[PDB]
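Just below is one structure, and these are the notes that go with it.
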Amino acid sequence: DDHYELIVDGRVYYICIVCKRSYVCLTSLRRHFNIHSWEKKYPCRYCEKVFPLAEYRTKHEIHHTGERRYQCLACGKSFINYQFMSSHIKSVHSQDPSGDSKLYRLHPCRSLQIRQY
DNA sequence: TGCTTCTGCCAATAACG
DNA sequence: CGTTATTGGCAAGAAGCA
Ligand SMILES: [Cl-]
Ligand SMILES: [Zn+2]
Ligand SMILES: [Zn+2]
Ligand SMILES: [Zn+2]
């Protein structure tokens, strides 16, 4: 009982018992619920900040290494995260990387070990 | 106002038996 | 060891700062 279910128009939703946020996926509810329970801790390996989600920790750790995984394909400049990449492409090249063309490249993470695609 | 950090989807990984 | 369960990387918009 970390949740209850709402069903509307046949659509099933999962509701956090603590903050009442709704989720389409039970996986999302559980991932989210750690924020309340802190059953799992995700400590930074370079400082000792601790995160409630594994992905928050990983994004943070990349800031420590300084790796620049995001590369603008228009001019070659590289950026540490999606937001800097996107902002660059929008302001400098007047294009939207969420459009129908691929304007950037996401290099593999090499400054540390995360699972790979 | 401009950085900065904060859930659906499903591939990669793990757990199971 | 291969079948099922779980993890968490990713996008990109939202929210949270100051
Ligand atoms: Cl780099
Ligand atoms: Zn909650
Ligand atoms: Zn850290
Ligand atoms: Zn560029």
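As a basis for the values below, the full set of heavy atoms in this structure was taken, side chains included, without hydrogen atoms, waters or symmetry mates. Chain letters run A, B, ... following the sequence lines, proteins first and then strands; every chain starts at 1.
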Which nucleotide wins on minimum distance to the side chain of A:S28, given the candidates C:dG8, C:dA12, B:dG8? B:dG8
Could you check which of C:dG9, C:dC10, B:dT7 has an atom nearest any side-chain atom of A:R115? C:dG9
Within the structure shown, what part of the strands sits under 4.0 Å from A:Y42 by heavy-atom distance: base, sugar-phosphate, or nothing? sugar-phosphate
Please pick, from B:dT7, C:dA12, B:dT4, the nucleotide with the shortest atom-to-atom distance to any side-chain atom of A:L53. B:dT7
CG of A:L26 versus P of C:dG8: gap in Å, rounded? 17 Å
Indicate whether OP1 or OP2 belonging to C:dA11 is found under 4.0 Å from a side-chain N or O atom of A:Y70. yes
Provide, to the nearest angstrom, the distance between the OH atom belonging to A:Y23 and the P atom belonging to C:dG8. 17 Å
Rounded to whole Å, the CE-P distance (A:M85 to C:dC10) equals 12 Å
Shortest side-chain distance from A:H32, nucleotide among B:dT7, C:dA12, C:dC10: B:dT7
Does A:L53 form a side-chain contact (heavy atoms from CB on, under 4.5 Å) with A:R31? I'd like the steps, not just the answer. CA-CA 7 Å; A:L53 272 72; A:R31 175 176 59 185; 3.7 Å; yes
Measure from the side-chain heavy atoms of A:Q83 and tell me the nearest of B:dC3, C:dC10, B:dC6. B:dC6
Which whole-number value in Å describes the distance from A:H107 NE2 to C:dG9 P? 19 Å
Name the closest nucleotide to the A:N81 side chain, picking from C:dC10, B:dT5, B:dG8. B:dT5
Does A:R31 get its side chain close enough to the base of B:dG8, under 3.5 Å, for a donor-acceptor pair? yes
Give A:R69 one of three labels, base, sugar-phosphate or nothing, depending on what nucleic acid heavy atoms sit under 4.0 Å from its own. sugar-phosphate
Rounded to the nearest Å, what distance is computed from the OH atom of residue A:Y82 to the P atom of nucleotide C:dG13? 6 Å
Assign each of A:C109 and A:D96 the nucleotide of DNA chain C bearing its closest heavy atom; nearer the 5' end lies the nucleotide of A:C109
Is there a side-chain contact between A:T58 and the phosphate of C:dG9, meaning an N or O under 4.0 Å from OP1 or OP2? yes
Check the angle between the aromatic planes of A:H93 and A:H88 and answer parallel, tilted or perpendicular using the 30° and 60° thresholds. perpendicular
More 5' along DNA chain B: A:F84 or A:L29, using each one's nearest nucleotide? A:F84
Could you tell me the Watson-Crick or G-U partner of C:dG13, where both distances fall under 3.5 Å? Say none if there is no partner. B:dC6
From the options B:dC3, C:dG8, B:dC6, select the nucleotide whose nearest atom is closest to the side chain of A:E55. C:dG8
Do A:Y82 and A:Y104 have their ring centres less than 6.0 Å from each other? yes
Can you tell me whether the side chain of A:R30 and the base of C:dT6 have a donor-acceptor pair closer than 3.5 Å? no
How would you label the contact of A:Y14 with the nucleic acid (heavy atoms, under 4.0 Å): base, sugar-phosphate, or nothing? nothing
What is the distance, to the nearest angstrom, from the NZ atom on A:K90 to the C1' atom on B:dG2? 13 Å
Could you give the CZ-to-P distance, from A:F79 to B:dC3, as a whole number of Å? 12 Å
With rounding to the nearest 0.5 angstrom, report the CZ to CH2 distance, A:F51 to A:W38. 8.5 Å
Nearest-Å distance, CD (A:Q116) to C1' (C:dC10)? 14 Å
Hey, could you give me the CD/OG distance between A:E67 and A:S111, rounded to the nearest 0.5 Å? 3.5 Å
Could you grab the distance from atom CZ of A:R115 to atom OG1 of A:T58, nearest 0.5 Å is fine? 9.0 Å
